[PDB]
Amino acid sequence: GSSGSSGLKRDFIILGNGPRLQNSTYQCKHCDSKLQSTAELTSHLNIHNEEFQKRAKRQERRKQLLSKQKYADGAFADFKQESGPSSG
Ligand SMILES: [Zn+2]
C-alpha cells in the first residue's frame with residue numbers, strides 16, 4: 001500500500017532447429033519432449049500426474065481425435081507392419 005508503481009511485462013521465445021540429430025533420446029508421448037533415458041522419464045512423467053491433478057478442472061469440452069491405422073492380412077499365416085504408402 002501507500003505506493004504507485006508498475007513493472008510487469010515480458011515476452012517469450014521459441015526457436016531452435018539446427019541440423020543436429022537425435023541420439024538415444026526419449027520422445028515422451030505426453031508432451032513430445034526429449035529425455036536422456038528412462039531414469040529421467042520415470043521422474044519427468046510424475047510431473048504430468050501432478051499437473052493433471054490441478055489442471056483437471058470442471059472443463060466443458062472433453063474430446064480426443066483418433067489415429068486411423070491400417071494393416072495387411074496376407075494369405076500365408078503371417079503378420080507384419082508393412083507400413084502402407086506415405087499418403088503425405
Ligand atoms: Zn512428457
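Per residue of the chain, what 222 nm ellipticity follows from adding -39500 (n - 2.57) for every DSSP H run with n ≥ 4, rounded to the nearest 500? It would help to have the intermediate numbers written out before the result.
Numbers: 1 runs with 18 residues, N = 88.
Result for the chain: -7000 deg cm²/dmol, rounded to the nearest 500.
Nothing charged except the Cβ atoms of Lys and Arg (+1) and of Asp and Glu (-1): what's the magnitude of the dipole of region 1-62 about its Cα centre? Round to the nearest 20 debye. Before the final figure, lay out the partial values.
Working: 11 positive and 6 negative charges, 60 e Å.
Roughly 300 debye, rounded to the nearest 20.
Using θ = phi - 60° and the Karplus curve 6.51 cos²θ - 1.76 cosθ + 1.60, what whole-Hz ³J(HN,Hα) does each residue of region 40-54 get, with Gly and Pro shown as x?
7, 4, 3, 7, 3, 3, 2, 3, 3, 3, 4, 4, 6, 3, 7
Using a basic spin-label model with each label point 7 Å from the Cα along Cα→Cβ, how many nm lie between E60 and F76?
In this crude label model, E60 to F76 measures out at 5.8 nm.
Rounded to whole Hz and in sequence order, give me ³J(HN,Hα) for region 8-14 from the Karplus expression 6.51 cos²θ - 1.76 cosθ + 1.60, θ = phi - 60°, writing x for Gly and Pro.
9, 5, 9, 10, 10, 9, 9
With springs only between Cα atoms under 10 Å, which of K63, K29, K54 fluctuates most in a Gaussian network model of the chain?
It is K63.
Counting neighbours? That spans all protein chains shown, and the Cβs are built from the backbone with ideal geometry, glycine included. Every read-out reported here was derived from the displayed coordinates using simple, explicitly stated rules and does not represent laboratory data.
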